[PDB]
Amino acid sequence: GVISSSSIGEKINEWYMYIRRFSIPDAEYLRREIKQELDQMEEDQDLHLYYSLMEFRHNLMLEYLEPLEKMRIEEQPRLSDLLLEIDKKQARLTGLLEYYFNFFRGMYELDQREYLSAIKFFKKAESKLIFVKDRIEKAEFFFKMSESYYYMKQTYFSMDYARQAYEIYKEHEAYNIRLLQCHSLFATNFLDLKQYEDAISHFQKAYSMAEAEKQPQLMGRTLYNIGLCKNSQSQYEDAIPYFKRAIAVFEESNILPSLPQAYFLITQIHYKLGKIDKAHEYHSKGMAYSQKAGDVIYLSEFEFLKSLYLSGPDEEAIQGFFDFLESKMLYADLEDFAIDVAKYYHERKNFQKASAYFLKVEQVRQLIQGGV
């Protein structure tokens, strides 16, 4: 009887704090206890709404850490609908609840590569940020803004938001996962700016923390990143072992949503340097993975490889693919790919096409400017 809308609200906030700490077991426990008490009151909607919002967030974490859903034939995910339930009742909520709704909805839209959606939601959250009491929450927000801007190649804003998050995380006890991630963001941005010297340093600190944390997601991701950095430098051969290692980790612990990207870079590399047989072997594995993970976008990108190397070169298909990426705001991938294509046409005889594609790159940078 001690329990009251206020009693459970505090329990929910405690629950949230463990989520942010990536500590799966404590969260699970609190969630279960809390569900029971909720069932008991039956009384109040908003408290239930808060719970739903947290559960949504909780699931985002599980999906990230031990995402894999070796698929029970059909119970899933709570993510798709939970998104639905909350969406259904979004008018009901104000204050801190409005913040969480937008913030977490932003987070979801972000991992669907709906960068446009993600950023609007975030701006909306940002407005309600005055309702946020503790400093770690600001940190989470900064971290997410940073991540979103990174995907959009807003280098200055990404980097600066990473700094802000870092400062808050560092002064706190058990946020190594987020600290690790800040390093990743610092590195990936440095990579954008071509500052390879700094990039490496950060990538590495990140990786190192990944090992201390023993979390397969992050290990694979950190390795992938190191390899990405090598590849960026055109030193392809050196990237392979770093990619392969990342793949092994992702496969080992069944991190399916991460697998498509992995296969993709490795695959591109082999073709690139002529080792075709391995190329198809990786290609098939990656195409297959992108279906299983329902990454239609990566699926299209893999098809793009097909489009260019074999059947080389399916111009209409390439053009279509670029239009797709463009219409999906996916300007960074668009830029890289436009470059690959132009170079590829250059080493082959003819420059009509290569010049046109180089011209497309500059266009894309100017355009890439527009956003926020």
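Residues carry their position along the shown sequence, with the first being 1.
- For the pair 68-76 and 216-224, the mean B factor over Cα atoms is greater in 68-76.
- Stretches compared: 86-94, 256-264. Higher mean C-alpha B-factor in the entry: 86-94.
- Highest C-alpha temperature factor among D26, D336, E55, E326 per the entry: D26.
- Per the deposited coordinates, the residue with the largest Cα temperature factor out of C229, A162, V296, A174 is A174.
- Among all modelled residues in its chain, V361 ranks in the lowest third by Cα B-factor.
- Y331: CA B factor lies in the lowest third for its chain, per the PDB record.
- Per the PDB record, residue ranking by Cα B-factor puts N59 in the lowest third of the chain.
- For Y344, the recorded CA temperature factor ranks within the middle third of the chain's modelled residues.
- Per the deposited record, the Cα B-factor of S158 falls in the lowest third when ranked against the other modelled residues of its chain.
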